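Read the single chain below, which is given as structure tokens and is the form solved without adenosine-5'-diphosphate.
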């Protein structure tokens, strides 16, 4: 059956660190794990394309989406099918927060693109590492992005678990572990 988990937040929020520690904890539990990330998990070359100077928000989202489509199809769905716990460091919510809340793109369009792109795959849980924006385009943009993530979590409070990114790393990892314990047996 597998289990799909994501870690989200601004760059420098510790989401990469936590993804990694989660992968290792679950592994010690004897659970097969597949650790992945966006962007690049589908099309590693998308990382080049994404840095294009003055890229329109629409084009940026579409590149993220192309990578995501490939990632879901070639990496994530097959990992779940094999019974793995698949953990992604960034997924759809990142796009929604950066390209939607940050760059202003309409959420409904983002979600319609995403519906075929992802084959409707949602994570069972998403751990949001909430980081003050000054610790991450400029400050106004990162404020919109930070708040955007918080908006998405309010909106799907069953799937999101919001954690304070300024806590010590080992306390964050323990909180992730406690939200996860019920879903393992």
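Positions refer to the first chain, counted from 1.
What comes next is about the form deposited with adenosine-5'-diphosphate bound, which is not displayed.
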| query | Taking 4.5 angstroms as the cut-off for heavy atoms, does residue 167 touch adenosine-5'-diphosphate in the entry with it bound? | reply | yes
| said: Taking adenosine-5'-diphosphate as it sits in the entry with it bound, is residue 16 near enough to touch it, meaning that at least one heavy atom pair lies within 4.5 angstroms? | reply: yes
| task | Would you check, heavy atoms only and a 4.5 Å threshold, whether residue 10 touches adenosine-5'-diphosphate in the entry with it bound? | result | yes
| said: Please determine whether residue 172 contacts adenosine-5'-diphosphate in the entry with it bound, using a 4.5 Å cut-off between heavy atoms. | reply: yes
